[PDB]
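First structure 1, then structure 2: two forms of the same chain, each alone, as structure tokens.
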Structure 1
């Protein structure tokens, strides 16, 4: 069904950072002519909304007296709004975002323009099911950490071979006395222990989530894509 395909598409969207009036949110959205699926998080809680075209028609009529248009045209505009600002927030937007909470609900409010008139849309988000949190956050973040650890082991392997080649020159007479500061042979235990002491505090810093969005989305999409394809 159309709703299944929104949730499917949503799983393979990357996360964007979203500047709001007061705070910020992480956001991923997937929009077609049939509706949208949205996932939003503030790194404490996760919220979700799914809508079809009836709901688009209904709510566009509630929020907008000054114009009307087919549901798909409204869905198209929302995509135009959310798309460029996802990729970077150095894009001249002219659209504004705010949100407020009411128990297990988050309302994300948008003001933009359409047909040279003001346009309003509200996303009514409810706390995401544990299955959606698991699917979009826990499993992929776990898969990513494993993949990054494998990258690390592979680079350690490459380093030992570089050192072996360096040893090969040394043993054949290339240098007889140490005459300059060169790198020390790579030792993974001391690399790790120095990293945790010197680099870990700052390297693991989540912050407002922007590091995640700017550094790790290629890997994230590659990982969520792999599970979709495995889960068939």
Structure 2
């Protein structure tokens, strides 16, 4: 394993849909096996699989296929890269089972992802820590942009206050005040702005920042 986990850490979160259910998920597949991580925004599920496990489960699932685990693994990777054939999601006690129904070389292929609850180590490394790093960095952005904004106000004031001049008037901006900026933001905008939703917008507005935090945290 080991290399799987390490590749998993550099994977971003994607969005997946199946039978109305959605999941956040990332996967790192090699010829050695895969690591998978899945969250419904309530629990987090994990699986790591090796070559031995692939052979055993593909045989049990497909009572008529013959290939090395490599074939089974490359098909799974070429099925899940673009997406991130048809899926379903079942729970049993603490575990999650992600089912695949699809075809390899014109023959139907069945695979079940078997995920146990992710350990606290994973949930920290893949969710908590990076997410907390993003918020900080974003809070730096805000601060750096507010200083940018006050610097543009000293410039226009230099035009109006002293430059001794005026404009077309249809463009005069209000002086920027971060106190009133926040207050209007956090009465008027926050209610939808912090919407966890389907994890759908998190994977589409934030992943570049997510990757950059993880690379940093790990290097």
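Each form is matched to the other, and the largest set of C-alpha atoms that superpose within 1.5 Å is called the rigid core. Numbering follows the first chain given and starts at 1.
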With the core superposed, a Cα shift of 2 Å or more between structure 1 and structure 2 singles out one residue among 54, 172, 44, 189. Which one is it? 172
Superposed on rigid core, residue 77 CA travels between structure 1 and structure 2 a distance in Å of 0.8
Cα shift of residue 117 between structure 1 and structure 2 after core superposition, in Å? 1.0
